[PDB]
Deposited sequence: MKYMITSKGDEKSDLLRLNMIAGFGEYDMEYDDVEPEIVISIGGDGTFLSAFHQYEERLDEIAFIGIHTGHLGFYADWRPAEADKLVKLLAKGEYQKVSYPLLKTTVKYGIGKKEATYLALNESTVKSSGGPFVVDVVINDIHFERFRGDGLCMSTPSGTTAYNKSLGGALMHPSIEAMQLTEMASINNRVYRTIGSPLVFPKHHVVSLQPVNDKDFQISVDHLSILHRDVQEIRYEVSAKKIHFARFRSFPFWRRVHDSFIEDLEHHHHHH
């Protein structure tokens, strides 16, 4: 079965990668980083995010696995010590796959670009004050004034979304969540304040009021977009697929990362 392995690139991760490749050499496994069916990420969540984006055009054909040699490792299911066990289990395969929802971002300009996010997409201004009209299914909902906004996938809810006061949501829920960054609320300016959770097929559109340049982030990447007419958020029809070899429930994953381990 075709596979590839990304590494965070420190000594520990590179050696683990070389050892797994050698172990894979003893099975019917072909290393192919053009059309892998299995993508193994060795590092932290940042390494995993880069792996996802390296293959976002073949998400339907790929199952991902994370090994944590980083610090927190939320998308990670394996410690390095279980690597040979994972080689052996991946060989002979017949594992189960689980799918998490993704967020689609569309950026339209004056005179379209689309992005897929595993954690979140955020919008801030390019220096000046950030002011957008928030339009939900063509209904004008609020005029947001503040630092910015964050639209999170379910598995992203434990990331930036959490730091912004968002809810943690189980990834079996096909939804996206919008959180505020430092909104202004006085006699003159009013936002909802609360995080908002949207189902599939709801469309959230941000429309500039004055300045039309924004800093748009998708996961680890942040780009200055100029002459923006609209930013559009919706739950993607695409999903990321994980190879799972044992039970590691999301809420236990949350417990292990935030409560104690």
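- Unmodelled regions (deposited sequence positions with no C-alpha coordinates, counted from 1) are 112 to 114, 265 to 272.
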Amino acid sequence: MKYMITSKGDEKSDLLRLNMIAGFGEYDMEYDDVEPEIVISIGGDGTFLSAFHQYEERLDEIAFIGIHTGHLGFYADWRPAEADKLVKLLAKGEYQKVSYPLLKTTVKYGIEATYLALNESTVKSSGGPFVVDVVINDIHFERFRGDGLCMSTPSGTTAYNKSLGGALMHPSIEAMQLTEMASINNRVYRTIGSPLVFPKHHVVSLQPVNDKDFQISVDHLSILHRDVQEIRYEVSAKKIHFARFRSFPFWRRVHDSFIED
From here on, numbers count along this sequence of modelled residues.
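Each form is matched to the other, and the largest set of C-alpha atoms that superpose within 1.5 Å is called the rigid core.
- Taking 147 to 155 and 73 to 81 in turn, the stretch whose Cα atoms are more displaced from the shown form in 6 other deposited structures of this protein following rigid core superposition is 73 to 81.
- Taking the rigid core as the alignment reference, the C-alpha atoms of 249 to 257 lie farther on average from the displayed form in 6 other deposited structures of this protein than those of the other stretch among 249 to 257 and 235 to 243.
- Compared with other PDB entries of the same protein, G110 is missing from at least a third of those that resolve the residues around it.
- When the C-alpha B-factors of 95 to 103 and 133 to 141 are averaged, 95 to 103 comes out higher.
- Judged by mean Cα B factor in the deposited record, 83 to 91 ranks above the other of 170 to 178 and 83 to 91.
- Taking the PDB entry at face value, the top CA B factor among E234, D219, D45, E61 belongs to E61.
- Ranked by Cα temperature factor within the chain, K162 sits in the lowest third according to the deposited record.
- When the modelled residues of the chain are ordered by their C-alpha B factor, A76 lands in the middle third.
- Among the modelled residues of its chain, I259 has a C-alpha B-factor that falls in the lowest third according to the deposited record.
- Among the modelled residues of the chain, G66 sits in the middle third by CA temperature factor in this PDB entry.
- The PDB entry assigns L149 a C-alpha temperature factor belonging to the lowest third of its chain's modelled residues.
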